[PDB]
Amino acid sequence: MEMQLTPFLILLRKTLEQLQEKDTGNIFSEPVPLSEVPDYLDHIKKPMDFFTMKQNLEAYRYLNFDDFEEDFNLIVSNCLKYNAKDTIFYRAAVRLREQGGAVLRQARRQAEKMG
């Protein structure tokens, strides 16, 4: 598809730190530290976090919006799957899903006007 890549990517950049300002606890800023949680990789197939998303974006791994949205969702779904319901992590994830949802809804509308 033909849409101009460069405007799409700055859209993704802007969107990404809009997602990140919703994560006020900085819980999802960086990969889940295998240092503090050795078992994290046991049941979680594909880890994800905002810095890895930043890396993927700049490495041109996001060529459409749906893959960007899929990687955001992984962050939420990974966290709900690993942590028990009565954790700081789980509850902050519940709240990220709702608030991130709103951010993405608006960014998707803007991406759809491009191609």
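Just so we're on the same page, rigid core means the largest C-alpha set that superposes within 1.5 Å between forms. Position 1 is the first residue in the sequence shown; the rest follow in order.
- For 35-43 versus 70-78, the mean Cα distance to the shown form in 8 other deposited structures of this protein after rigid core alignment is larger for 35-43.
- The segment moving more, judged by mean Cα distance from this form in 8 other deposited structures of this protein after a core overlay, is 5-13 among 5-13 and 92-100.
- Taking only CA atoms, the mean B-factor in the PDB entry is higher for 29-37 than for the other of 68-76 and 29-37.
- Per-stretch averaging of Cα B factors for 81-89 and 50-58 places 81-89 on top.
- The PDB entry assigns its highest CA temperature factor, among 105, 97, 14, 22, to 105.
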